[PDB]
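Below is one structure, written out as structure tokens; the observations come after it.
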Amino acid sequence: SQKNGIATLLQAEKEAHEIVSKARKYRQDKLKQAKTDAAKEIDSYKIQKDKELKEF
Amino acid sequence: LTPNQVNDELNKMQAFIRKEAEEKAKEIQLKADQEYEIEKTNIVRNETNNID
Amino acid sequence: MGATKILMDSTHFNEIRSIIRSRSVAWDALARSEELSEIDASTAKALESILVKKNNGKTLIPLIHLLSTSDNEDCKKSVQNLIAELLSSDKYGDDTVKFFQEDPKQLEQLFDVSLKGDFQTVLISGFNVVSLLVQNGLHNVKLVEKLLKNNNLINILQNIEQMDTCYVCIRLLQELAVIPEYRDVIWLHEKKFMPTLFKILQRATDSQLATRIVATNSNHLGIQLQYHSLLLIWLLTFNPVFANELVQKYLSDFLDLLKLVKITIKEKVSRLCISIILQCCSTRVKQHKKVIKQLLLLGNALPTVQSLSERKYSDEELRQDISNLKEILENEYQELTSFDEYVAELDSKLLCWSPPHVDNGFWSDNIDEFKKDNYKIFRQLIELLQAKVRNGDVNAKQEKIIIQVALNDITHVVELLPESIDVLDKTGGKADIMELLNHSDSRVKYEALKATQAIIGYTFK
Amino acid sequence: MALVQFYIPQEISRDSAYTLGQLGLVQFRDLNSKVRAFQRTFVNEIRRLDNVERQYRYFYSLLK
Numbered sequence: 002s003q004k005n006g007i008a009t010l011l012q013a014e015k016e017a018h019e020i021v022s023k024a025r026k027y028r029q030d031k032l033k034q035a036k037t038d039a040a041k042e043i044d045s046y047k048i049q050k051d052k053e054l055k056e057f
Numbered sequence: 008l009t010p011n012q013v014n015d016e017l018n019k020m021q022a023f024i025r026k027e028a029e030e031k032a033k034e035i036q037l038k039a040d041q042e043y044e045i046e047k048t049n050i051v052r053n054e055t056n057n058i059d
Numbered sequence: 001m002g003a004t005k006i007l008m009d010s011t012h013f014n015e016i017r018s019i020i021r022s023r024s025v026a027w028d029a030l031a032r033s034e035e036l037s038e039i040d041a042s043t044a045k046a047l048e049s050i051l052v053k054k055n073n074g075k076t077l078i079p080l081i082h083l084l085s086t087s088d089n090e091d092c093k094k095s096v097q098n099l100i101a102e103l104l105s106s107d108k109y110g111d112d113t114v115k116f117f118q119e120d121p122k123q124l125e126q127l128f129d130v131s132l133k134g135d136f137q138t139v140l141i142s143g144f145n146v147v148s149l150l151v152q153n154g155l156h157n158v159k160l161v162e163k164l165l166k167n168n169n170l171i172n173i174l175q176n177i178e179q180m181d182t183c184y185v186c187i188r189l190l191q192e193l194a195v196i197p198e199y200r201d202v203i204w205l206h207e208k209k210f211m212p213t214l215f216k217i218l219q220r221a222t223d224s225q226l227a228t229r230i231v232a233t234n235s236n237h238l239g240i241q242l243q244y245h246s247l248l249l250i251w252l253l254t255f256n257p258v259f260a261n262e263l264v265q266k267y268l269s270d271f272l273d274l275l276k277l278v279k280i281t282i283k284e285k286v287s288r289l290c291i292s293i294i295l296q297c298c299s300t301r302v303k304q305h306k307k308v309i310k311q312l313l314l315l316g317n318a319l320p321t322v323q324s325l326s327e328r329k330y331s332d333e334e335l336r337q338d339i340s341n342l343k344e345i346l347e348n349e350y351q352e353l354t355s356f357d358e359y360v361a362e363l364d365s366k367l368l369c370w371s372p373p374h375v376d377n378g379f380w381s382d383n384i385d386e387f388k389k390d391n392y393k394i395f396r397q398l399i400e401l402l403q404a405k406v407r408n409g410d411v412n413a414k415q416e417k418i419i420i421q422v423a424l425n426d427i428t429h430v431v432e433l434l435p436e437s438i439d440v441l442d443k444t445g446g447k448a449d450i451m452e453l454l455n456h457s458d459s460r461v462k463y464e465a466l467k468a469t470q471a472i473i474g475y476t477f478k
Numbered sequence: 014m015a016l017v018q019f020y021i022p023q024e025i026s027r028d029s030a031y032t033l034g035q036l037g038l039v040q041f042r043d044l045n046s047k048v049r050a051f052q053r054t055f056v057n058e059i060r061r062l063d064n065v066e067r068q069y070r071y072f073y074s075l076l077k
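Protein chains in written order, with the deposited numbering: chain L, 2 to 57; chain K, 8 to 59; chain P, 1 to 55, 73 to 478; chain b, 14 to 77.
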């Protein structure tokens, strides 16, 4: 298993990087999510303000 | 040495390399929970001051 | 689903499964003499047969039934273990997981069976409840708050001299902390778990990595224990108020993080230590100027950080944390006015060396400013050095700190301006310095010799 | 169980292995410098060498 295993350890190094990179890219998605769901919270707060304006 | 000894050494090693990346991966997205509240909170607040 | 995937392949958890599985408790007999009914025993038996091979969550309800109704710890641990085994596997017991999750009632019922008999019992149950809470289809703060207040779960957690107990407990707490809402309730019960979390971390620093013990060294078990503790910490600290509060309470214990980074090579332990500090040093955090002073000064944070910058760790993120933390501590002290800092220390009578308080430049700018009645401010300083030695003696902790600082300040000023020589003579500081050579401690005689050599040079060239 | 990493050119791999065996080497697995993250070339390790040279300068200085 000496000359099979080395190839296996080689593969784990590429997979190791890849797990990390996939989490580093997941993070980046989270940042966009913050800007998207916030863009939605402002125009739902607009109509909140328009609701108590048409009541006054 | 022997094919058994190297095999054992093999299961422990690829386990450590892989586990360590998965645990680091958790740490990156633990930090992403913090940044999600923080940017969202800044961005919303800046605009809601202007809305008020 | 396969619920949570943690605590299935975990080693400390596997050690606990051996004890439970070793033992074989016959339901059929208990059920027949009465403690449970035939239907609960038939289900429990059938449940073992599903796990080992082939194709229910329909089975869920009589096991919930059994757990509650019986008081016997041995049967209930075997029932609870079997439930745990399914819950985590997505090869065995996908349907099981759904059944909790749809109806919150069997969770509250599962919470019932928590806080019963043996310490193993409380772990297993705690593991199952925690797996459904972190699935995002149900949450209840009260469960988590309530479980925290209790005696038994915290007692198990407090012990660290059994690897198994601590390992599971810190993980249950921490897993829940990922979800933002718990962070707030978990922090209420902090004062109980938190010294213990600090004790594992300190314990690692003192025992040499040059050896191997099996308890916590550089081997996989230890590496996880440290990691878990730091991760639980990091999570609470993300909230801006909590972090300010953490530094002010836990200060001694907090400074120890710097130490961890140094002794370890482990990128898991180290990244998190530096990161937890970085969060508290942040602009967002209330009173960040105070925390930064405290860290830099006492804990030697600046010198420790600077050394680190040369010897960086392979992972990029680790590097980013080292660089960002380094900048705040350094920036903060120098960017405050020189005149302000000097006046503030002399007046309050509490003096300590600092990054711009030892710089040659600090003095150079501030000399002119002193003059108001022939360098009145400098003269007050010489008066302070004189006062300390005579009153209250010398070689008392407080008074000794001030002397070394006072003496550092007076060398720079004197070496700079030749007119200072008159001031030492008029006030009578020149004689006080000659005594200070004779007064004990290496830093004190060192500073006195420097203080004397600056004076001599202008009198006689 | 102290980590050892040992390097040579291949040809004398067999005669190297041997000399090591009789001194007490176990779990001998050939790798490449690529396989651990840590045995890859970084700017970081060159700085340590520069600092090690500073140590050497300060030791002369003191002996004088």
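Positions of the beta carbon are idealized from the N, C-alpha and C atoms, including for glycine.
{"Item": "Listed by chain order, chain K residues near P197 of chain P by CB distance under 8 Å", "Value": "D40, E44"}
{"Item": "Positions along the segment 450-475 of chain P whose CB lies within less than 9 Å of some CB in chain K", "Value": "none"}
{"Item": "Three-state class that DSSP yields for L353 of chain P in the structure shown", "Value": "coil"}
{"Item": "Beta-carbon proximity of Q311 of chain P to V375 of chain P, cut-off 8 Å", "Value": "no"}
{"Item": "Element boundaries [alpha helix (DSSP H), containing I21 of chain b]", "Value": "No alpha helix (DSSP H) holds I21 of chain b; DSSP gives it neither H nor E."}
{"Item": "Sequence-distant residues of its chain with Cβ nearer than 6 Å to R288 of chain P (five each side left out)", "Value": "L335"}
{"Item": "Extent of the continuous alpha helix (DSSP H) to which residue 65 of chain P belongs", "Value": "As shown, the structure holds no coordinates for residue 65 of chain P; chain P passes over it, running from 55 to 73."}
{"Item": "Short Cβ contact (8 Å threshold) for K166 of chain P with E30 of chain K", "Value": "no"}
{"Item": "Contacting residues, own chain, Cβ-Cβ under 6 Å from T54 of chain b (five flanking each side not counted)", "Value": "none"}
{"Item": "Within chain b, partners of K329 of chain P - CB distance below 7 Å", "Value": "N57"}
{"Item": "Test item: CB-CB of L454 of chain P and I427 of chain P under 8 Å", "Value": "no"}
{"Item": "C-alpha distance - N55 of chain P paired with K108 of chain P, whole-angstrom precision", "Value": "9 Å"}
{"Item": "Buried/exposed call for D181 of chain P, threshold 16 Cβ in 10 Å", "Value": "buried"}
{"Item": "Buried versus exposed call for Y20 of chain b [16 or more other C-beta atoms within 10 Å across all chains shown]", "Value": "exposed"}
{"Item": "Unbroken stretches of the alpha helix (DSSP H), 4 residues or longer, contained in the segment 387-411 of chain P", "Value": "393-407"}
{"Item": "Short CB-CB distance (under 8 Å) between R42 of chain b and chain K", "Value": "yes"}
{"Item": "Coil, strand or helix - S10 of chain P by DSSP", "Value": "coil"}
{"Item": "CA nearest to the CA of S95 of chain P, picked from P:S105, P:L124, P:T86, P:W27", "Value": "P:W27"}
{"Item": "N261 of chain P vs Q304 of chain P beta-carbon contact at 8 Å", "Value": "yes"}
{"Item": "The segment 19-33 of chain L in contact with the segment 32-49 of chain K per 3-pair CB rule at 8 Å", "Value": "yes"}
{"Item": "Coil, strand or helix - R61 of chain b by DSSP", "Value": "helix"}
{"Item": "Proximity winner among b:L33, b:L16, b:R42, b:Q23, relative to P10 of chain K (alpha-carbon distances)", "Value": "b:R42"}
{"Item": "Spatially closest choice to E16 of chain K from L:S45, L:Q29, L:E19, L:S2, by CA coordinates", "Value": "L:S2"}
{"Item": "Within chain K, the residues that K50 of chain L reaches when beta carbons sit closer than 7 Å", "Value": "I58"}
{"Item": "Proximity of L424 of chain P and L401 of chain P at Cβ, strictly below 8 Å", "Value": "no"}
{"Item": "Candidates P:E436, P:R407, P:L434, of which the one nearest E452 of chain P by Cα", "Value": "P:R407"}
{"Item": "Beta-carbon proximity of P372 of chain P to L433 of chain P, cut-off 8 Å", "Value": "no"}
{"Item": "Cβ shell of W370 of chain P (< 7 Å), same chain only, five flanking positions each side left out", "Value": "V422, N425"}
{"Item": "Contact set between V39 of chain b and chain K, taken where Cβ atoms lie within less than 8 Å", "Value": "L8, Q12"}
{"Item": "Alpha-carbon to alpha-carbon, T37 of chain L and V13 of chain K", "Value": "51 Å"}
{"Item": "Residue interval of the alpha helix (DSSP H) (run including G316 of chain P)", "Value": "305-316"}
{"Item": "Alpha carbon of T444 of chain P to alpha carbon of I450 of chain P, nearest angstrom", "Value": "12 Å"}
{"Item": "First through last residue of the alpha helix (DSSP H) which encompasses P257 of chain P", "Value": "257-271"}
{"Item": "Where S26 of chain b sits in the DSSP three-state scheme", "Value": "helix"}
{"Item": "For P121 of chain P, three-class secondary structure by DSSP", "Value": "coil"}
{"Item": "Start and end residues, alpha helix (DSSP H) containing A465 of chain P", "Value": "459-476"}
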